Structures are given as structure tokens and as C-alpha cells.
Amino acid sequence: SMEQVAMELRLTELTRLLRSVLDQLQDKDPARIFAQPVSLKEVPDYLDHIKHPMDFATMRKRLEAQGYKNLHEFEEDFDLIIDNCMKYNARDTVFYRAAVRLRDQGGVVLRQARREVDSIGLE
């Protein structure tokens, strides 16, 4: 149907916007601490602690499959990256501190992304 195609175009548009958001957010992790999934070879007990691991590479895979239907779903995954880190790692670690900085700097980006999604009507 034509309606299905229109919905698919909107999703493709959302995916383009979220790709730009993702690139901007990952720039706020210059150390690449959140770039890849936590290695279960190097941290074998990780899943005893963290029930829903997340990282930028995993988000990018979902994004390119157009697996984020709205901004909220995307934000949920970004918040997992930060919240998982701030539970597993203590306050006096480079990991926790990187998550705090990513959260703070990323909030700015996400604030305007919400306005753009609403404005242009992408969800």
C-alpha cells in the first residue's frame, strides 16, 4: 500500500536523524570507553551484575536495521550505556567519570533532537 511506503519513508527519515544524533553522542566519548560491548572474556562475571548490556556498536547495528521506531527507544539504549557503567564501576574510576561526562554533554544533543523529531514529525 502507499500508506505503508509513507510509514517506511518516515522511519528512514528518523533513522537518518538518529544516525546524526548517534555520531554526535559518540563524539562525547573521546576515550572510546563505550564503543564496544564489555568483553565477557575479560569481565566474565559481567552478566551477573548487568542484565541488559549496551554499547555504541550495538546501537549502531540496531539503527542500521531501522530498529528504533521512535526517539524514546533510542534514548533508552543510550541511558543503558550510562546507567550500566555507573552501577558496575565505582565513583573513583575513569569509567564512571566518563559516563557522567557523556550523560551531561549528551543531554544537550538529545534536548534538541527531541525538538527536531517533534517539529518535523518523524514518529
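If you check the header, you'll see the entry was determined by X-ray crystallography and the resolution is listed as 1.4390 Å.

Caption draft 1: Molecular detail of the nonpolar core. Formed by 26 residues in total, the largest nonpolar core has its most connected members in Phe56, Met59 and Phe74. Elements with a minimum of two residues in this core: α1 (2–26), α3 (56–64), α4 (71–88) and α5 (94–120). Filtering out sequence-adjacent residues up to four positions away, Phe56 remains in contact with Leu22, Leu25, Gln26, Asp29, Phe34, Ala35, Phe78, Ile81 and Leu102.

Caption draft 2: Representation of unusual backbone geometry within the structure. Not every positive phi belongs to a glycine, and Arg32 is a case in point at roughly 60°. Among the secondary structure elements, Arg32 is positioned in the loop between α1 and α2 (46–49). Assessed through its relative accessible area of 54%, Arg32 is described here as exposed. Despite not being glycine, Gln66 shows a phi value in the positive range, around 50°. The topology assignment puts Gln66 in the loop between α3 and α4.

Caption draft 3: Representation of the packing of α1 against α3 in the model. The contact between α1 and α3 brings their axes to 10 Å, and the two run at 170°. Here α3 runs roughly antiparallel to α1, going by the angle between their axes. Taking contact as the criterion, the partners of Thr15, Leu18, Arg19, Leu22, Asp23, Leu25 and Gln26 in α1 are, on α3, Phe56, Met59, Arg60, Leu63 and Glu64.

Caption draft 4: Quick look at the packing of aromatic side chains. Going through the model one piece at a time under the given rule, you end up with three aromatic pairs. Consider the rings of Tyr68 and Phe74, whose centres lie 5.4 Å apart with planes at 75°: the pair is edge-to-face. A residue is classified by how much of its surface remains accessible, and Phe74, at 0% relative accessible area, is buried.

Caption draft 5: Main features of α1. Taking 1.5 Å as the rise per residue, α1 with 25 residues should run 36 Å; its terminal C-alpha atoms sit 36 Å apart, in good agreement. With a side-chain oxygen lying 3.1 Å from the backbone nitrogen of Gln4, the N-terminal cap of α1 falls on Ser1.

Caption draft 6: How the structure looks around the pattern of salt bridges. According to the stated counting rule, one finds seven salt bridges in the structure shown. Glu64 is the salt-bridge partner of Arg19, the closest N and O atoms lying 2.6 Å from each other. Residue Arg19 is located in helix α1, and its partner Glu64 is located in helix α3; the two are separated by 45 residues in the primary sequence. Look at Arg19 and you get partly exposed, because its relative accessible area is 31%.

Caption draft 7: Representation of the environment of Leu63 within the structure. As for its placement among the helices and strands, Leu63 is situated in helix α3. Distance in space between the C-alpha atoms of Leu63 and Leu14 is 9.8 Å, their sequence separation being 49 residues. With sequence-adjacent residues up to four places away left out, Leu63 is seen in contact with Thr15, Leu18, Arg19, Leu22 and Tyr68.

Conventions adopted
Residues numbered from 1 in each chain as written, not as in the entry; some residues may be left out. Heavy atoms only, no water. Residues with missing side-chain atoms left out of burial classes, pairs and counts. Core = buried A, V, L, I, M, F, W, Y, C linked by side-chain atoms within 4.5 Å. Buried < 20%, exposed > 50% of the residue type's maximum accessible area, 1.4 Å probe, protein only. Helix = DSSP H or I, 4+ residues; strand = E, 2+ residues; numbered from the N terminus. Contact = heavy atoms within 4.5 Å. Axes fitted to C-alpha atoms, helices over the stretch in contact; angles between N-to-C directions. Parallel < 35°, antiparallel > 145°, perpendicular 65-115°, else oblique. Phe/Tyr/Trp six-rings, centres within 6.5 Å; stacked < 30°, edge-to-face > 60°. Expected span 1.5 Å × (residues − 1). Polar contact = N/O pair within 3.5 Å; in protein donor to acceptor, adjacent residues only side chain to side chain. Salt bridge = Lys/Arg side-chain N within 4 Å of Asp/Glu carboxyl O.

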